[PDB]
Amino acid sequence: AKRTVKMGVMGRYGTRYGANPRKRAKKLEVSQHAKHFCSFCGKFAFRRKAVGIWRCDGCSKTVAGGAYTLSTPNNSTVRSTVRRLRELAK
Amino acid sequence: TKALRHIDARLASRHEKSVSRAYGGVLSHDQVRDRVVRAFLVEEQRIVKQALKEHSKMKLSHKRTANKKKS
Amino acid sequence: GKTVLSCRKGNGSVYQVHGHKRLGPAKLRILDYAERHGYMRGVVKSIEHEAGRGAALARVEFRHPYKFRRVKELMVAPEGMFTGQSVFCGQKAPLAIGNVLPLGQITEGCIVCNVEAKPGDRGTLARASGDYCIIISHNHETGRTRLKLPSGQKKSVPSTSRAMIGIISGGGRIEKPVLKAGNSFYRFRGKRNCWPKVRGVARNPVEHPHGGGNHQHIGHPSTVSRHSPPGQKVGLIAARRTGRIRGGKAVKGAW
RNA sequence: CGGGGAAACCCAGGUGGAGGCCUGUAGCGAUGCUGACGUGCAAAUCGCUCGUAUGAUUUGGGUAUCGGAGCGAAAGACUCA
RNA sequence: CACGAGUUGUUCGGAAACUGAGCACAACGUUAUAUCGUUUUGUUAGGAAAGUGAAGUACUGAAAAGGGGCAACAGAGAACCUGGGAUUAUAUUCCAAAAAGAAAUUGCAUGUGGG
RNA sequence: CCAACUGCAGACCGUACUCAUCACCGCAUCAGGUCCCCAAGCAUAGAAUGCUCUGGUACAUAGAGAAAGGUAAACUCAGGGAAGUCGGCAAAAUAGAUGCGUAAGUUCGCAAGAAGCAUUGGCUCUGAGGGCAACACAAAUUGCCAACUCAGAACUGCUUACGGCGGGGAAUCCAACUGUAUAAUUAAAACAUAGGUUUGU
RNA sequence: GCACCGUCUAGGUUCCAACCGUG
RNA sequence: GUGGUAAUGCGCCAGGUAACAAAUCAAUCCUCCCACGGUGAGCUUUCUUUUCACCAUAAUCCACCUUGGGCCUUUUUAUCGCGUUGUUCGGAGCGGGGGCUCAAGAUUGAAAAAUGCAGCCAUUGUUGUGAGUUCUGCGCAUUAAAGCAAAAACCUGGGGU
Ligand SMILES: [Mg+2]
Ligand SMILES: [Mg+2]
Ligand SMILES: [Mg+2]
Ligand SMILES: [Mg+2]
Ligand SMILES: [Mg+2]
Ligand SMILES: [Mg+2]
Ligand SMILES: [Mg+2]
Ligand SMILES: [Mg+2]
Ligand SMILES: [Mg+2]
Ligand SMILES: [Mg+2]
Ligand SMILES: [Mg+2]
Ligand SMILES: [Mg+2]
Ligand SMILES: [Mg+2]
Ligand SMILES: [Mg+2]
Ligand SMILES: [Mg+2]
Ligand SMILES: [Mg+2]
Ligand SMILES: [Mg+2]
Ligand SMILES: [Mg+2]
Ligand SMILES: [Mg+2]
Ligand SMILES: [Mg+2]
Ligand SMILES: [Mg+2]
Ligand SMILES: [Mg+2]
Ligand SMILES: [Mg+2]
Ligand SMILES: [Mg+2]
Ligand SMILES: [Mg+2]
Ligand SMILES: [Mg+2]
Ligand SMILES: [Mg+2]
Ligand SMILES: [Mg+2]
Ligand SMILES: [Mg+2]
Ligand SMILES: [Mg+2]
Ligand code: NA
Ligand code: NA
Ligand code: NA
Ligand SMILES: [Zn+2]
């Protein structure tokens with residue numbers, strides 16, 4: 001059975017700290033504890049150790065970035081921009 | 001390799017802490033294999049490019065410079 | 001009266017940095033002959049976290065230019081760096097995330113981090129997590145590059161200054177509410193002795209300008225002059241305006 | 001893992017053991033009796049009752065900051081009655 | 001209160017011999033005044049702080065950036081165990097050749113085998 | 001040159017006793033204060049609380065003994081039940097476990113042990129919950145053995161009977177919450193807090 | 001004005017040589 | 001220096017040990033209880049094949065079954081199989097057949113009965129089951145905007161001597 005109607009992980013806080021702060025923190029908490037996709041391996045294997053550090057469960061890879069998710073939206077834009085500018089250079 | 005403390009490690013025989021293979025007691029067998037393969041393949045790949053470059057420079061030696069000559 | 005807390009903190013004493021668990025300072029490598037004329041290739045060996053800092057650090061291994069040995073560097077890592085990656089530093093280096101180039105070789109519109117204001121200072125601008133600079137334009141007659149800083153100000157630097165390509169890792173750190181006093185306690189445990197904070201109106205007149213009275217209030221304007229002596233300069237120091245900001249929000253700092 | 005649904009998802013039974021969570025020892029404190037004592041056992045103690053008790057927790061040794069100075073989750077608190 | 005006695009270690013704790021939060025001799029600077037400041041973010045000082053193996057009987061003279069030292073009897077480190085009919089009182093410290101006995105470990109020398 | 005065997009040698013300081021209702025600090029052999037290790041049996045959820053073998057102790061000035069009035073980590077009280085008092089202060093009171101059952105409000109987590117109803121002893125029985133040994137499908141059976149919990153039945157009894165262990169409900173004011181805090185008359189509505197905003201750079 | 005201090009180079013091109021280039 | 005297809009067995013520079021957290025589940029030594037047996041003592045009007053005590057084995061060495069990890073080689077797996085109390089593993093090699101290693105136990109001996117204990121120159125001399133215990137193993141996923149000291153000393157290799 002479901003055990004909760006919409007509190008999820010934040011059920012550990014009981015009735016403390018207010019509804020909107022709890023709802024805002026829950027979104028980042030779920031992402032921080034999820035398994036993310038490793039493009040080197042081809043499987044869902046990246047876990048966060050400390051803020052900004054992501055380690056693969058099977059292969060020995062460690063990656064930097066994000067603090068609550070593996071990749072931030074600004075970084076993808078930066079990647080495409082860098083690749084296109086380098087394509088112009090070469 | 002065994003797990004030995006300070007005096008026991010000092011007083012044990014050498015092969016208690018190593019194996020006869022290269023890098024024995026430092027690297028595992030898969031790491032050793034990968035190093036051997038990588039060394040051979042990279043050296044060969046470098047040789048090919050050096051040869052190609054030298055062959056091109058020798059190609060433009062008795063070519064138009066020594067073929068379409070002018071003095 | 002007695003000494004005010006903001007002045008007391010300048011003696012050092014129990015308010016210095018908690019540094020025992022930190023690794024060394026984070027810097028680029030030294031601007032030597034190899035970097036001025038060719039390039040150097042290093043390998044990323046590990047990605048780690050240190051207490052007090054939001055960004056991740058990278059240990060990078062190079063070969064020594066003059067001796068038979070290995071040299072380990074500790075840098076602030078950009079987003080996307082991974083263990084086993086090759087890193088190129090020097091004059092002729094390709095445009096890729098993590099490489100280090102002179103500013104005069106990076107095309108306009110590119111996003112950079114770890115920028116040195118003066119050549120050879122090994123990186124001083126755009127280092128906090130998630131931050132970066134934008135390259136605006138070059139000037140070949142005077143050899144100077146224009147940059148847009150994280151604060152929104154513009155700065156001109158010599159075109160021989162170096163910068164890493166990318167964005168500092170660990171971004172988005174401040175968007176999660178803290179919710180608990182204990183979380184703040186653990187956050188400042190790794191930095192220094194500055195929390196919790198007692199309001200000045202809650203103190204007594206002997207130790208703060210705002211203290212005293214039969215109600216909790218400041219009985220005088222809290223905007224103070226730039227020329228006030230220490231112990232008098234508390235409140236809103238040399239403020240150009242106060243109150244809620246409406247419309248465009250201006251760039252802070254000096255002109 | 002069972003049942004329902006065209007789908008999106010919904011209902012139910014277990015497993016697991018989170019929390020500046022609850023009751024309660026040791027520990028750390030000190031609400032009420034305006035109790036005892038008030039030439040005291042004691043220049044602040046005793047009894048019962050009571051707060052907290054996985055945390056912004058308690059504690060040994062070492063080390064660092066003082067006299068118009070130090071230190072203070074701020075009472076003009078504390079710096080060998 | 002008086003008189004007379006009692007504490008035994010190659011291995012137990014410390015030191016010899018680690019590094020920590022830290023301290024501050026030298027050096028340099030400052031002060032009418034050193035009884036002041038700096039001195040671990042790899043590290044003193046406008047700063048010439050290295051005294052050695054090896055080769056060839058002490059001698060002699062190539063390499064090795066970043067002076068000397070202190071700070072933990074709960075961190076690191078550390079080769080020994082039981083039996084005793086062995087005290088008035090000490091004992092993993094004492095016990096005598098059947099050492100009640102059985103070990104481990106460091107230095108330097110013999111010889112036996114191998115280099 | 002390399003074990004291993006053998007011979008000789010193995011320096012320095014500490015070591016008694018104490019660690020506390022008499023060996024330390026508090027003017028004292030002062031009901032105060034003072035870090036670490038070992039930790040038995042039965043009841044029971046148990047480092048709660050009560051009693052006990054090993055080890056320890058009978059030391060804290062005593063004897064005789066119905067005044068009034070006191071102190072208590074001491075009890076009862078017909079009928080009434082807060083009329084007492086500034087004020088239910090103090091005392092009484094509730095109570096473990098198991099089944100059923102549970103309102104307004106709500107940040108959906110709670111409120112909640114909400115409130116409330118019922119059972120519980122002793123004795124003699126019954127059922128359920130296991131282990132390992134001996135292409136063909138009821139070894140779907142033979143033997144041996146442990147450890148305790150839960151459920152159901154008959155008979156039989158109460159003087160309601162150790163310890164230990166929440167009283168409950170309806171509302172107003174203040175502060176969001178856990179926390180801190182006038183050592184020796186003030187623990188709060190004060191301070192802190194997460195959250196919000198402004199300033200310098 | 002003329003001497004002298006006054007010199008060597010990877011590469012790119014067209015045997016030398018020359019023009020570029022600048023360690 | 002030398003064996004095995006292999007995992008791996010035998011005679012200046014670079015890494016490693018020192019060196020580091022939670023819970024869960026198993027836990028060894030040791031403690032407690034029970035069953036069976038031997039020795040001493042207690043009670044006995046009666047009853048009690050009874051009640052109580054004891055039944056011990058240090059370091060250091062020799063030789064070489066169980067559990068839990070990592071791996072090799074052969075047969076090549078798939079919607080599917082393997083496994084935990086528990087939040088998972090597999091063509092980057094699952095399962096089966098044979099092996100190689102590491103950790104922790106066990107079992108032989110030596111030491112060692114010549115000792116210790118208890119009745120009295122003689123007797124005795126113990127083997128099984130539950131429960132509790134943090135060593136240890138579950139290898140290095142506790143909150144975390146918290147991510148968990150350092151060095152001496154020592155070990156192995158790469159190079160040349
Ligand atoms: Mg500092
Ligand atoms: Mg005040
Ligand atoms: Mg004033
Ligand atoms: Mg106010
Ligand atoms: Mg609590
Ligand atoms: Mg409690
Ligand atoms: Mg006041
Ligand atoms: Mg005397
Ligand atoms: Mg230091
Ligand atoms: Mg020094
Ligand atoms: Mg020392
Ligand atoms: Mg020690
Ligand atoms: Mg010793
Ligand atoms: Mg004695
Ligand atoms: Mg003694
Ligand atoms: Mg004691
Ligand atoms: Mg006393
Ligand atoms: Mg005294
Ligand atoms: Mg007790
Ligand atoms: Mg009534
Ligand atoms: Mg009345
Ligand atoms: Mg009246
Ligand atoms: Mg009362
Ligand atoms: Mg009830
Ligand atoms: Mg409050
Ligand atoms: Mg409170
Ligand atoms: Mg007070
Ligand atoms: Mg009070
Ligand atoms: Mg307030
Ligand atoms: Mg554990
Ligand atoms: Na009183
Ligand atoms: Na008890
Ligand atoms: Na009455
Ligand atoms: Zn991966």
Side-chain angles (χ1 to χ4, degrees), chain A residues 1-2 4-7 9-23 32 41-42 47 49-51 53 55 57-59 67, chain B residues 1-7 9-10 12-15 17-30 65-66 69-71, chain C residues 1-3 5 8 11-16 19-22 24-25 37 48-49 51 54 68-70 129 151 170 173-174 176-187 189-190 195-199 202-204 206-207 211 222-223 226 235-245 252-254:
Chain A
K2 247 175 78 141
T4 249
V5 180
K6 73 161 163 272
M7 273 278 261
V9 263
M10 308 307 264
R12 58 181 199 224
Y13 291 138
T15 64
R16 271 156 273 136
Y17 319 118
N20 270 148
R22 276 190 326 246
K23 147 161 182 185
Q32 162 184 181
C41 286
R47 311 275 220 138
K49 285 333 201 177
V51 54
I53 301 198
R55 186 153 74 101
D57 281 13
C59 76
Chain B
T1 69
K2 297 213 187 293
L4 298 163
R5 276 274 287 189
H6 302 113
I7 181 149
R10 210 219 327 139
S13 85
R14 196 184 39 81
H15 64 71
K17 300 152 285 189
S18 177
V19 295
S20 319
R21 174 185 58 231
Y23 288 88
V26 173
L27 299 177
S28 74
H29 67 273
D30 42 296
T65 288
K69 53 225 177 154
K70 166 261 298 155
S71 250
Chain C
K2 279 166 68 64
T3 313
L5 176 62
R8 264 165 49 201
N11 287 288
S13 167
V14 296
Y15 312 101
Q16 297 172 252
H20 181 239
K21 286 322 206 50
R22 267 132 112 132
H37 293 260
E48 301 140 311
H49 147 93
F68 177 67
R69 73 168 76 110
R70 251 45 175 284
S129 76
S151 71
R173 191 181 91 255
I174 52 142
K176 187 183 173 190
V178 175
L179 303 172
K180 292 206 296 160
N183 286 346
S184 287
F185 172 90
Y186 287 115
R187 172 190 168 199
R189 175 180 77 175
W195 180 94
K197 320 181 86 68
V198 186
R199 295 167 294 110
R203 314 186 199 170
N204 288 138
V206 61
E207 58 224 356
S222 64
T223 49
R226 179 72 79 188
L236 308 176
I237 300 164
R240 300 175 181 88
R241 58 162 312 285
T242 48
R244 195 87 155 95
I245 308 166
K252 299 280 219 121

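Within every chain, numbering begins at 1; the chains are lettered A, B, ... in the order of the sequence lines, protein sequences first and strands thereafter.
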### Query
What is the glycosidic conformation of E/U35: syn, defined as within 90° of 0, or anti?
syn

### Task
Test the consecutive nucleotides F/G168 and F/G169 for base stacking (six-membered ring centres under 5.5 Å, planes under 30 degrees) and report the result as yes or no.
yes

### Query
Within the distance-only criterion (no hydrogens, no angle test), does the side chain of A/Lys49 pair as donor or acceptor with the backbone N or O of A/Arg55 below 3.5 angstrom?
no

### Query
With sugar-phosphate meaning primed atoms plus P, OP1 and OP2, does B/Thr1 contact a base, only sugar-phosphate, or nothing at under 4.0 Å between heavy atoms?
sugar-phosphate

### Summary
Taken to the nearest whole Å, CG/C/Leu179 to P/F/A192 is 20 Å

### Message
Under 4.0 Å, counting only non-hydrogen atoms across every strand here, what does A/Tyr17 touch: a base, just sugar-phosphate, or nothing?
### Response
base

### Query
Would you say F/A192 has OP1 or OP2 under 4.0 Å from some side-chain N or O of C/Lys197?
no

### Summary
The glycosidic conformation of E/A109, counting syn as within 90° of 0 and anti otherwise, is anti

### Query
Looking for any heavy atom pair under 4.0 Å, which part of the strands does B/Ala3 touch: base, sugar-phosphate only, or nothing?
sugar-phosphate

### Message
When you look at H/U127 and H/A58 together, do they satisfy the Watson-Crick or wobble criterion (both atom distances under 3.5 Å)?
### Response
no

### Message
Quick test of the criterion, 5.5 Å between centres and less than 30° between planes. Is C/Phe185 stacked on D/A56 or not?
### Response
no

### Query
Heavy atoms under 4.0 Å, any strand shown: does B/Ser20 hit a base, just sugar-phosphate, or nothing?
base

### Query
Base, sugar-phosphate, or nothing: which does A/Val51 touch, judged by heavy atoms less than 4.0 Å apart?
sugar-phosphate

### Side-chain donor/acceptor contact of A/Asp57 with base of H/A141 under 3.5 Å
yes

### Task
Check the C1'-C2'-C3'-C4' sign on F/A39 and let me know if the sugar comes out north or south.
south

### Message
Please tell me whether F/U160 and F/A194 form a Watson-Crick or G-U wobble pair, using a cut-off of 3.5 Å on both distances.
### Response
no

### Query
Between C/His49 and H/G147, is there a side-chain N or O to OP1/OP2 distance below 4.0 Å?
yes

Identify each atom pair where a protein N or O and an N or O of nucleotides 7-13 of chain D are less than 3.5 Å apart, giving names and distance.
unit_1, atom_1, unit_2, atom_2, d
D/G13, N7, A/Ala1, N, 3.1

#### Entry: Neighbour stacking check for H/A7 and H/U8, 5.5 angstrom and 30 degree cut-offs
no

### Query
Between C/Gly12 and C/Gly182, which is nearer to the 5' end of RNA chain D once each is assigned its nearest nucleotide?
C/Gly182

### Summary
Ring of E/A48, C1'-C2'-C3'-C4' positive counted as north and negative as south, is tagged south

### Message
Categorize A/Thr4 for me: base, sugar-phosphate, or nothing, with a 4.0 angstrom heavy-atom threshold over every strand shown.
### Response
sugar-phosphate

### Task
Look at the side chain of C/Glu207 and the base of D/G76, then say whether one donor and one acceptor between them are separated by less than 3.5 Å.
no

### Message
Does B/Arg14 contact H/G11 through a side-chain donor or acceptor facing the base, at a distance under 3.5 Å?
### Response
yes

### Task
Give C/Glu48 one of three labels, base, sugar-phosphate or nothing, depending on what nucleic acid heavy atoms sit under 4.0 Å from its own.
nothing

### Task
For E/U105, measure the glycosidic angle (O4'-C1'-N9-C4 for a purine, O4'-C1'-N1-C2 for a pyrimidine) and name it syn if it falls within 90° of 0, otherwise anti.
anti

### Message
For the NZ atom on B/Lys17, are there more than 12 heavy atoms of other groups (residues, nucleotides or ligands in this structure) within a distance under 6.0 Å?
### Response
yes

### Task
Provide the distance between the two P atoms, one in F/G113 and one in F/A97, to the nearest whole Å.
13 Å

### Query
Using a cut-off of 4.0 Å on non-hydrogen atoms, how would the nucleic acid contact of B/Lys17 be classed: base, sugar-phosphate, or nothing?
sugar-phosphate

### Query
Does a Watson-Crick or G-U wobble pair link H/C148 to H/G125, with each of the two distances under 3.5 Å?
no

### Task
Verify, without hydrogens or angle tests, whether A/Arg16 (side chain) and C/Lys180 (backbone) share a donor-acceptor contact under 3.5 angstrom.
no

### Query
Taking a pair to be Watson-Crick or G-U wobble with both distances under 3.5 Å, do E/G69 and E/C23 qualify?
yes

### Watson-Crick or G-U pairing of H/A110 with H/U60, both H-bond distances under 3.5 Å
yes

### Query
Taking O4'-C1'-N9-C4 for purines and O4'-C1'-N1-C2 for pyrimidines, is H/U76 syn (within 90° of 0) or anti?
syn

### Where the chi angle of H/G37 falls, syn if within 90° of 0 and anti if not
anti

### Query
What does C/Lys21 touch in the nucleic acid at a heavy-atom separation under 4.0 angstrom: a base, only the sugar-phosphate, or nothing?
sugar-phosphate

### Query
Based on the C1'-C2'-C3'-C4' dihedral, does F/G81 have a north or a south sugar?
south

### Task
Identify whether any heavy atom of A/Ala67 sits under 4.0 Å from a base atom; if not, whether one sits that close to sugar-phosphate; answer base, sugar-phosphate or nothing.
nothing

### Task
Give a yes or no on whether C/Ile237 atom CD1 has more than 12 heavy-atom contacts from other residues, nucleotides or ligands under 6.0 Å away.
yes

### Counterpart base for H/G105, defined by Watson-Crick or G-U wobble contacts under 3.5 Å
H/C65

### Task
Using a heavy-atom cut-off of under 4.0 Å over every strand shown, decide if C/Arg244 touches base, sugar-phosphate, or nothing.
sugar-phosphate

### Message
Does a side-chain N or O of B/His29 approach OP1 or OP2 of H/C72 to a distance below 4.0 Å, or not?
### Response
yes

#### Entry: Base pair E/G111/E/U92 (Watson-Crick or G-U, both distances under 3.5 Å)
no

### Task
Using a 3.5 Å upper limit on both distances, decide if F/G168 and F/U34 constitute a Watson-Crick or G-U wobble pair.
no

### Summary
Torsion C1'-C2'-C3'-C4' of F/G122 sorts its sugar, positive to north and negative to south, as north

### Task
Would you confirm whether the neighbouring bases F/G127 and F/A128 count as stacked, given the thresholds of 5.5 angstrom between ring centres and 30 degrees between planes?
yes

### Query
Would you say H/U87 has OP1 or OP2 under 4.0 Å from some side-chain N or O of A/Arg47?
no

### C1' spacing across the pair D/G61 / F/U57, given as an integer number of angstrom
37 Å

### Query
Across the strands shown, which category fits C/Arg226 at heavy-atom distances under 4.0 angstrom: base, sugar-phosphate, nothing?
sugar-phosphate

#### Entry: Sign-based sugar class (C1'-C2'-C3'-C4') of H/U51
north

### Query
Between the base of D/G72 and the side chain of C/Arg8, is there any donor-acceptor pair under 3.5 Å?
yes

### Message
The side chain of C/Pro25 is closest to which nucleotide in this list: F/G195, E/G42, F/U201?
### Response
E/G42

### Task
Kindly indicate whether F/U6 forms a Watson-Crick or G-U wobble pair with E/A109, where both distances must fall under 3.5 Å.
yes

### Query
For the side chain of B/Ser18 and the backbone of B/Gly24, is there at least one donor-acceptor N/O pair under 3.5 Å apart?
yes

### Query
Want to settle it: does C/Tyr15 or C/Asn204 sit nearer the 5' end of RNA chain D, counting the closest nucleotide to each?
C/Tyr15

### Message
Taking the 3.5 Å cut-off for both atom pairs, check whether E/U93 pairs with E/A62 as Watson-Crick or wobble.
### Response
no

### Query
NA contact type, C/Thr3, heavy-atom cut-off 4.0 Å: base, sugar-phosphate, or nothing?
sugar-phosphate

### Geometric stacking, E/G29 and E/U30, six-membered rings, under 5.5 angstrom and under 30 degrees
yes

### Residue whose nearest RNA chain F nucleotide is more 5′ - A/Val5 or C/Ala202
A/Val5

### Task
Mind listing the closest non-hydrogen atom pair of C/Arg22 and C/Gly190 along with its distance?
NH1-O, 3.3 Å

### Query
Could you give the NZ-to-P distance, from C/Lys180 to D/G20, as a whole number of Å?
4 Å

### Geometric stacking, D/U39 and D/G40, six-membered rings, under 5.5 angstrom and under 30 degrees
no

### Query
Considering only the P atoms, how many Å lie between H/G11 and H/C102, rounded to the nearest integer?
14 Å

### Task
Would you classify C/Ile174 as touching base, sugar-phosphate or nothing, given that sugar-phosphate means primed atoms plus P, OP1 and OP2, and contacts are heavy atoms under 4.0 Å?
base

### Query
Would F/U49 and F/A43 count as a Watson-Crick or G-U wobble pair, both distances under 3.5 angstrom?
yes

#### Entry: Nearest-angstrom distance, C1' atom, D/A73 to F/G179
9 Å

